[PDB]
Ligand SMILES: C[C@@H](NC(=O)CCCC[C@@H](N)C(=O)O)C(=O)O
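Starting off, we have a lone chain in the form deposited without the ligand, written out as structure tokens.
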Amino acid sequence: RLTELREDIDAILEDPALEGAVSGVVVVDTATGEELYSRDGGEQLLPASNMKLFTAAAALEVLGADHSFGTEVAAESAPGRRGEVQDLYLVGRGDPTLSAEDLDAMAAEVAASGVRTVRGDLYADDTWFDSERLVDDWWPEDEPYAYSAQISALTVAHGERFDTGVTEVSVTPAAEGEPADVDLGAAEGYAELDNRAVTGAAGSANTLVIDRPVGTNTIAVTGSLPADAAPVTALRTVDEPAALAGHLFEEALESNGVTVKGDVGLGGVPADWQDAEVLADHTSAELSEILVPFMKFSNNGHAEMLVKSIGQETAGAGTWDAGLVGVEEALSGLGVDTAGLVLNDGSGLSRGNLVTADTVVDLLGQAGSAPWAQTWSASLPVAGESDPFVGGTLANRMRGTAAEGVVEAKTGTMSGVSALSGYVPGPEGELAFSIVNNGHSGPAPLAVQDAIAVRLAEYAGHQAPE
């Protein structure tokens, strides 16, 4: 069977879509260790979001599947007679799933603690991580979009997928010629609004554009939305995620009967506060659960926060430099040869990252044998599964094939970069594979990747559902 499998993959890799592209393709049988396929396995290539495989593995090794993240609220001391306190601090310690509802629950605790008036100022403390918001080589033109959200120890996650450091912008048509209605979501009262958008005639062309001009905290909207067009929503990033959380907490407190007299801003506990009083706190779900939205949807913010959390745990420094060292050491301790690996970030967004298909398969093998193997493989997108939380970024791929509900793999695509690596379990043996394509000039070779995955599923003993 080996000869037929190899010839079939050989044939697939001849696709004109891979024209001028270099593709590292490696397939191994996890049970036996037999190398089923190998081409350019040692070639260093950009991994895109496949970098998250390394980050997740390191996170489970360093933080542990049972690790949880916390957020707290504290004053120098408990409220006095009139239920007053001076300055108040909202302190985040890396929770990548801190919601606005979580903030309200904490605001309620502040009230239930006996607080009625914050005579001082409200401060958002995200000193748990450093203030380096973006990776050095990330592209500035990508900054307005969710995947490029600024990194902070204190950030509000939006929706059930927990997209951090963003706000949901909504644009609703009015009558022809009238300005379009633009809502800034959570960022109302925080980010500035520059609405230049107008409502076009019914049946006209939609030319709406929602942007956040580089280096500003303004949501600029331009173009025209037809009067008969459906309302539009878009996630847009905001400058200083912690400052937004402060705004949102300010509103929460207000809604729970707690008045804030001073201003809202960034700042850490004075340290000259020996007995601070924690009026409220929140604990996130455990890492094993957080991995799901993280890996299924390829959440960049989660990845970078995990790296910095890894840095705090290994060196008391929530920094990329310390975090990336922690990741490499965690991988080596796992038995992975990191020689051909270059770590520049944990999400894979950075063009400075490098991996080799052999290194990916190596990781897949070691991780599959670790005590957290099940929680790890469960976080991976499952090919062709309609449920977003199961199919993830593979929900619309390989549906109706032998791979549907079988292939567990992480995706990763950017201009000129595409990858698919994971597992293909079956009665004919547990397979591990990695496909990394760099250099193609058109759309990512997703169909090529799919073809190979389906062929592997068939080799593993599966049949397409009829």
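When you see a residue number, it is the position in the sequence shown, counting from 1.
What follows is about the form solved in complex with the ligand, which we do not show.
**Student:** Counting 3 or more ligand atoms within 2.4 Å of any backbone or C-beta atom as blocked, would the ligand, superposed onto this chain from where it sits in the deposited complex, find the site open or blocked?
**Tutor:** Open.
**Student:** With the partner left out of view, is residue 401 within 4.5 angstroms of the ligand in the deposited complex by any non-hydrogen atom?
**Tutor:** Residue 401: no, not in contact with the ligand in the deposited complex.
**Student:** Would residue 437 sit within 4.5 Å of the ligand in the deposited complex, counting heavy atoms only?
**Tutor:** Residue-level check for residue 437: no, no contact with the ligand.
**Student:** Wondering, does residue 415 line up within 4.5 Å of the ligand in the deposited complex on heavy atoms?
**Tutor:** The answer is yes: residue 415 has a heavy atom within 4.5 Å of the ligand.
**Student:** With a 4.5 Å heavy atom cut-off, would you call residue 309 a contact of the ligand in the deposited complex?
**Tutor:** So residue 309 does not count as contacting the ligand.
**Student:** Would you point out which of 238-246, 139-147, 262-270, 204-212 contains residues with a non-hydrogen atom within 4.5 Å of the ligand in the deposited complex?
**Tutor:** Selected range: 139-147.
**Student:** Judged by heavy atoms and a 4.5 Å cut-off, are 93, 155 and 284 together in contact with the ligand in the deposited complex?
**Tutor:** No: no residue has a heavy atom within 4.5 Å of the partner.
**Student:** Considering the ligand in the deposited complex, which of 127, 379, 298, 356 comes within 4.5 Å of it through any heavy atom?
**Tutor:** Checked against the cut-off, the match is 298.
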